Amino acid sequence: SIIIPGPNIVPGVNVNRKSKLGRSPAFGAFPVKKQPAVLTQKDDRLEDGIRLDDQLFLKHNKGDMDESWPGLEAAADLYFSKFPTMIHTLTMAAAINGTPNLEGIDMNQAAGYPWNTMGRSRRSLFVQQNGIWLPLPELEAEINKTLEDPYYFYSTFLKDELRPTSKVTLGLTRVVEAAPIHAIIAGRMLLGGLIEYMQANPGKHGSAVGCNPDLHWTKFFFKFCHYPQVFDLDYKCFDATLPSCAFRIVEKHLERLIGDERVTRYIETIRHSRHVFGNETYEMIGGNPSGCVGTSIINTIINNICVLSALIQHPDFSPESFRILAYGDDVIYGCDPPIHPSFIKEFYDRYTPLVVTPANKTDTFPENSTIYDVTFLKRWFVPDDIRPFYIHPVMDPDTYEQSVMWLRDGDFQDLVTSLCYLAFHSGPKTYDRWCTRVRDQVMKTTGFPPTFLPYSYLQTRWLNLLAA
């Protein structure tokens, strides 16, 4: 991306500087590998020589690419050829209240700039009236204004989350960019029919967006197991390296499919975004500001175009003999005959700003990889022991082991119950170890262990949801 600093604005946006995370009663149940990210310069855990706000944008300002590399326009034509030839828009009412395959506006999220500086919550900008949300006139005016002549600021916040301890001391905390509510609804009107269509069939068009891993892991597994090899393709700084040339190609195709000229100038505000960080402002040329389900769809589409542009360079590529599955920067793919990830890294290094690296941190990719080796959405594909035709999404243990040791504003028992749905896919023995180790630590702290959903209950509910 390219960062262009702009003038300061008054009033600015109040940046979060106080974490809601704190140690849970289960703290110490597992070895401590993570701590909450540093949110303020005065945090004592920060290494003495480091400026926190400088660390937030290290991936950015490395450059932007405006010209297409070879195969990019051809790969996009191939990818979009499978789409319906007329994608519909959504009405403002459907964009606010949602559809069966698009969720309604979440009224508890912040409204973004400039509503936050005006003290106006998302809920204050709408009226609920027979169970249906309607915009207030001041917000309806900004929506129509954004559709016709978009101009709005993303709000930059610090991500309040657990980080590996070395990232805490180095101040390598991540940024969240919240789109304003009027820009979100306008984008849902222009792109919500595309989002509706894609989310209704997860795994189609190389996109897992909108999937439910408990149900769709079995579907994804059998669409990939027929390929002898399936590979991870991990990126470095994918959000920062997204080039303008990819955005312009997606604009041309989405405007053609949707048949509305306004989608190009809306997506142009994503490709060339404006941001407010406290009292400071800046422009980001290239790169992905996130903050939207539509940007997740756009990022996933751009990832499919970029991987396909490398795949078509291989002599053995066939249109009928490849499959990609992506969610933003997270990708797995397979081809018959196989096309090795090193072939993609070679093409990426020569023609593109994309940076792919092996998952193992090695200087080279694994020589062979199957559906059983890949990681997708932080989960492995593991067939059930008793019913091998059902596939478990097995989450990385460090996620729920570290997460149970920290708590936010919610009740601790509610956090434990929500983690049980993730942990139990590891199997009855690994699940019982996790429950037992949490129980022992909470017993030392409060003397009264929390309750855990039995493995037989979670497994029965999982099988019934797959057998329906």
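Don't overthink the numbering: it's just position in the shown sequence, from 1.
Taking only CA atoms, the mean B-factor in the PDB entry is higher for 48-56 than for the other of 48-56 and 399-407.
The mean Cα B-factor in the deposited entry runs higher for 284-292 than for the other of 306-314 and 284-292. Of the candidates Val355, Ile332, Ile301, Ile195, it is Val355 whose Cα B-factor is highest according to the PDB record. Going by the entry's values, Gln128 shows the largest Cα B-factor out of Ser244, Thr165, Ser273, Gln128. When the modelled residues of the chain are ordered by C-alpha B-factor, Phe376 sits in the middle third. Among the modelled residues of its chain, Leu466 has a C-alpha B-factor that falls in the middle third, as given in the PDB entry. Among the modelled residues of its chain, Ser19 has a C-alpha B-factor that falls in the middle third, as given in the PDB entry. When the CA B factors of the chain's modelled residues are split into thirds, the value for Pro393 lands in the lowest one. Ranked by Cα temperature factor within the chain, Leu136 sits in the highest third according to the deposited record.
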